Amino acid sequence: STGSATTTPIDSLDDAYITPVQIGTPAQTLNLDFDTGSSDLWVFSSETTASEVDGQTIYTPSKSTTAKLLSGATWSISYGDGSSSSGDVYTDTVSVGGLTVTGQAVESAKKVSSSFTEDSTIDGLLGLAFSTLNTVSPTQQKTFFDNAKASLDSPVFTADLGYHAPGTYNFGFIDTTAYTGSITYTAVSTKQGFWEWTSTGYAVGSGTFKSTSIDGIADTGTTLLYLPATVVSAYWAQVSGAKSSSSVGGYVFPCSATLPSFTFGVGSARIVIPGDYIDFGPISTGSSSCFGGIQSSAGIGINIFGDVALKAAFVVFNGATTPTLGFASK
Ligand SMILES: NCCCCCCC(=O)O
């Protein structure tokens with residue numbers, strides 16, 4: 001089997017991407033944030049505290065003939081941005097882009113934190129990291145991908161995120177028309193539950209490539225590119241007037257600037273992030289200070305190749321027995 005679904009930016013800055021997912025019978029379609037940095041499929045639901053729902057589409061398990069309470073199971077998750085959610089669990093039929101999994105754990109939110117409530121465009125998350133990170137207790141549950149894997153033509157999914165445009169998540173096949181050149185594969189460590197890999201270095205603009213190992217995660221659920229302070233300082237030093245602002249919470253730059261590109265290494269290959277991908281616009285409406293798309297990972301504890309980096313590539317998440325990650329230009 002295979003699946004193919006379009007993923008669409010939630011706003012003009014590509015702050016996140018939503019992908020339609022069919023849950024239950026008859027289908028209830030919710031727009032979920034596919035997140036290769038976590039491993040829970042959770043949704044706004046008929047059980048979510050009413051004051052914490054503001055415009056989201058909800059899953060109502062009582063209206064699904066295939067929903068079954070997973071008795072005794074609860075979940076609770078906290079993300080790196082400080083947001084959180086928790087609730088109980090149903091199993092139901094879940095389909096993505098024509099690919100169907102029966103008996104998928106659908107985590108129904110009873111509570112969500114304010115940033116979820118305030119974002120009316122995201123109806124929940126669909127985790128695509130390794131199932132060892134799944135938060136369901138007392139019986140840990142499998143991700144949609146892990147449940148689908150045996151049925152897939154090939155045990156892979158691909159992320160092809162657009163810059164200010166829709167893109168595609170494919171399951172079970174590699175679309176050889178969706179990238180240019182060849183795909184460079186690189187080793188993955190699953191020790192922390194993430195798609196964790198080591199970049200071979202970086203360049204700033206037309207500068208020389210610095211060969212240096214940068215361990216980090218491929219995380220579709222993180223907007224920005226978070227790298228060591230040394231690397232990020234070298235980037236922003238090439239932008240007149242750029243500075244790190246503790247009041248704003250990271251690097252800002254004059255909105256009048258033209259940003260240089262940023263290149264990262266994948267083995268001997270190179271992925272180039274155009275400067276425009278690094279512009280996240282005014283810090284507040286009408287401001288002439290703009291927020292940078294490359295930020296320091298110091299204090300996070302891990303480097304994160306988020307959407308800013310991933311959208312510059314066609315990315316293969318190879319879930320074979322020995323997992324690997326592939327990157328191609330596009
Ligand atoms: N790996 C990313 C974890 C955080 C995702 C948060 C998405 C949201 O606010 O809808």
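Residues: numbered from 1 along the sequence shown. Keep in mind that the numbers below use all heavy atoms, side chains included, and drop hydrogens, waters and symmetry copies.
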Chemist: Taking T57's backbone N and O only, do any of them form a donor-acceptor pair with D123's side chain (distance below 3.5 Å, no angle check)?
Modeler: yes
Chemist: Check whether any side-chain heavy atom of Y235 sits under 4.5 Å from a side-chain heavy atom of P260, and report yes or no.
Modeler: yes
Chemist: For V43 versus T48, what's the shortest heavy-atom pair and its separation?
Modeler: O-OG1, 4.5 Å
Chemist: Provide the closest heavy-atom pair for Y59 versus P61 in the form atom of the first, atom of the second, distance.
Modeler: O-CD, 3.5 Å
Chemist: Given the rule in the side chain to side chain contact (heavy atoms under 4.5 Å, CB included) test, do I214 and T212 qualify, once you have shown the distances and angles that lead to the verdict?
Modeler: CA-CA 6 Å; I214 305 171; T212 185; 4.2 Å; yes
Chemist: By side chain to side chain contact (heavy atoms under 4.5 Å, CB included), which residues pair with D14, not counting sequence neighbours?
Modeler: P9, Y17, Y163, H164, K311
Chemist: According to salt bridge (charged side-chain N to carboxylate O under 4.0 Å, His left out), who are the partners of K330, at least two apart in sequence or on a separate chain?
Modeler: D160
Chemist: Once you round to the nearest 0.5 Å, how far does OG1 of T93 lie from CD1 of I23?
Modeler: 10.5 Å
Chemist: Looking only at heavy atoms, which two atoms of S38 and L125 are closest? And how far apart?
Modeler: OG-CD2, 4.3 Å
Chemist: Looking only at heavy atoms, what is the nearest atom pair of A148 and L99, with distance?
Modeler: CB-CD2, 4.0 Å
Chemist: Please enumerate all residues that pass side-chain hydrogen bond (donor to acceptor under 3.5 Å, both in side chains) together with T19, with sequence neighbours excluded.
Modeler: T7
Chemist: Does the side chain to side chain contact (heavy atoms under 4.5 Å, CB included) test come out yes or no for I122 and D119, once each step is laid out?
Modeler: CA-CA 6 Å; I122 292 175; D119 184 3; 3.1 Å; yes
Chemist: Could you pull out all residues at least two apart from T158 that satisfy side chain to side chain contact (heavy atoms under 4.5 Å, CB included)?
Modeler: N170, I174, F314, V316
Chemist: Does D15 have any side-chain hydrogen bond (donor to acceptor under 3.5 Å, both in side chains) partners at least two apart in sequence or in another chain, and if so, which?
Modeler: none
Chemist: Would you please name every residue forming a ring-ring contact (aromatic ring centres under 6.0 Å, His included) with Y169, sequence neighbours left out?
Modeler: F34
Chemist: What distance separates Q141 CD from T91 OG1, expressed to the nearest 0.5 Å?
Modeler: 8.5 Å
Chemist: Tell me the closest heavy-atom pair linking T190 and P323, and the distance in Å.
Modeler: CG2-CG, 3.6 Å
Chemist: Looking at OG1 of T36 and CG of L128, how far apart are the two atoms once the value is rounded to the nearest 0.5 Å?
Modeler: 7.0 Å
Chemist: If only atom types and distance count, is the side chain of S284 paired as donor or acceptor with the main-chain N or O of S287 below 3.5 Å?
Modeler: no
Chemist: Linking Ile, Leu, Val, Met, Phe, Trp and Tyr by side-chain heavy atoms under 4.5 Å, what else ends up with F173?
Modeler: none
Chemist: Roughly how far, to the nearest 0.5 Å, is the NZ atom of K111 from the CD atom of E52?
Modeler: 8.0 Å
Chemist: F317 and ring-ring contact (aromatic ring centres under 6.0 Å, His included): which single residue from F130, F157, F194 fits?
Modeler: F157
Chemist: Minimum heavy-atom separation for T220 to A159, with atom names?
Modeler: CG2-CB, 4.3 Å
Chemist: List the steps, then state whether ring-ring contact (aromatic ring centres under 6.0 Å, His included) holds for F291 with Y251.
Modeler: CA-CA 6 Å; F291 197 68; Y251 281 89; 9.3 Å; no
Chemist: List for me each residue that meets side-chain hydrogen bond (donor to acceptor under 3.5 Å, both in side chains) alongside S297, sequence neighbours excluded, and say none if there are none.
Modeler: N303
Chemist: Kindly say whether the aromatic ring centers of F327 and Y185 come within a distance under 6.0 Å.
Modeler: no
Chemist: Specify whether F116 and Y79 have parallel, tilted or perpendicular ring planes, treating 30° as the upper limit for parallel and 60° as the lower limit for perpendicular.
Modeler: perpendicular
Chemist: Please answer whether the main-chain N or O of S137 pairs with a side-chain N or O of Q140 as donor and acceptor at a distance below 3.5 Å.
Modeler: no
Chemist: Mind checking the CD1-CG spacing from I304 to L227? Nearest 0.5 Å is all I need.
Modeler: 9.5 Å
Chemist: Find out if a path of hydrophobic residues (ILVMFWY) with successive side-chain heavy-atom gaps under 4.5 Å connects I300 to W236.
Modeler: yes
Chemist: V21 versus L30: any side-chain heavy-atom pair under 4.5 Å?
Modeler: no
Chemist: Does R270 make a cation-pi contact with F209, if we ask for NZ or CZ under 6.0 Å from the ring centre and within 45° of the axis?
Modeler: yes
Chemist: Are the side chains of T168 and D175 in touch, meaning some heavy atoms are under 4.5 Å apart?
Modeler: no
Chemist: I'd like to check the side-chain hydrogen bond (donor to acceptor under 3.5 Å, both in side chains) partners of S247; sequence neighbours left out, ordered by chain and number.
Modeler: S245
Chemist: Taking the six-membered ring for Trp, are the ring centroids of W195 and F305 within less than 6.0 Å of each other?
Modeler: no
Chemist: Using the side chain to side chain donor-acceptor pair (under 3.5 Å) rule, pick out the option among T102, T65, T66 that qualifies with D92.
Modeler: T66
Chemist: Between atom CG of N318 and atom OG of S154, what is the distance when rounded to the nearest 0.5 Å?
Modeler: 7.0 Å
Chemist: Table please: side-chain donor-acceptor pairs of residues 201-208 below 3.5 Å, with sequence neighbours left out.
Modeler:
none

Chemist: Suppose we screen for side chain to side chain contact (heavy atoms under 4.5 Å, CB included). Which residues come up paired with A312, at least two apart in sequence or across chains?
Modeler: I271, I273, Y277
Chemist: With sequence neighbours excluded, what pairs up with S84 under the side chain to side chain contact (heavy atoms under 4.5 Å, CB included) test?
Modeler: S78, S113
Chemist: Using a 4.5 Å cut-off on heavy atoms from C-beta on, say whether the side chain of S151 contacts that of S1.
Modeler: yes
Chemist: Going by heavy atoms in the side chains, are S86 and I77 under 4.5 Å from each other?
Modeler: no
Chemist: In this structure, would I183 and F171 fall into the same cluster of hydrophobic residues linked by side-chain contacts under 4.5 Å?
Modeler: no
